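Here's a solo chain for you in structure tokens, the form deposited in one PDB entry.
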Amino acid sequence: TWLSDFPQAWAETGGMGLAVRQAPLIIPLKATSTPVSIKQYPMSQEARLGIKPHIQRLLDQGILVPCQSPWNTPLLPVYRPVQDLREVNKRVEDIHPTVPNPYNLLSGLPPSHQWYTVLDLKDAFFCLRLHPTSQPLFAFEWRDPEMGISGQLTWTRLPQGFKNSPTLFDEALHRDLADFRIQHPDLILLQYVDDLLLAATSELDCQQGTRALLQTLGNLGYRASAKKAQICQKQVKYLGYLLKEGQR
């Protein structure tokens, strides 16, 4: 089965990802920026209990670590933790937006290739390390009242809510899949941040391409959702479109 033949490539069986070929990212600040420390709005127990197991899992995974930082932004309950990084985003230097819009990305899909595989990468941003010099930027407060703990945590990986994460991830994955594209000149590969479409001429070519892509992704440290994977179908859902008969 696809599941058993490529255990390293699936989030379900391969463990948390880590993009091993990618240098830890340094996040340049705007030229006049200085740290901003926003106090954490008091959180109810209901929200804190809701968020706690998520925080513990991230600590166990090393994705969060304790820190002391002049930066601080508030964590909100939505329960899963959502950090309001807007004041950090304002202070970070802008980068060019290189992720194509889906309409333009799909223009690169030729009628000749109608056998599709769609993969989405799980916890994509978390596969990219953040350089220790940039980790303090993303700090937030975590208190555990009945565990006698109050201090800051921060991210050791590219965080959700950071304005440049989608663009930085898309650029990193492009670097990592550059060779794959060269090795498979007759496959079409569309990348939209963590959403991938592989297109080929025949069911067989799509099977061989998909095997090659899973092997490569797993090797590089990325993880795809086996649950959501659409493999070698003549009809797939990609970026909200229904891809069918070369239409849409």
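Between two forms, the rigid core is defined as the largest C-alpha subset superposing within 1.5 Å. In this text, residue numbers run from 1 along the sequence as written.
Unshown form deposited in another entry; subsequent notes refer to it.
Just one of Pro102, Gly161, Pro136, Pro166 moves its Cα by 2 Å or more between the shown form and the other one on a rigid core overlay, and this residue is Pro102.
Superposed on the core, the two forms barely differ at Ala178: its CA moves less than 2 Å between the shown form and the other one. With the core held fixed, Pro145 shows a CA shift of 2 Å or greater between the shown form and the other one. Relative to this form, the distance between the C-alpha atoms of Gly148 and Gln61 is reduced by at least 3 angstroms in that other deposited form.
An increase of at least 3 Å in the separation of the C-alpha atoms of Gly161 and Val99 is found in that other deposited form, compared with the displayed form.
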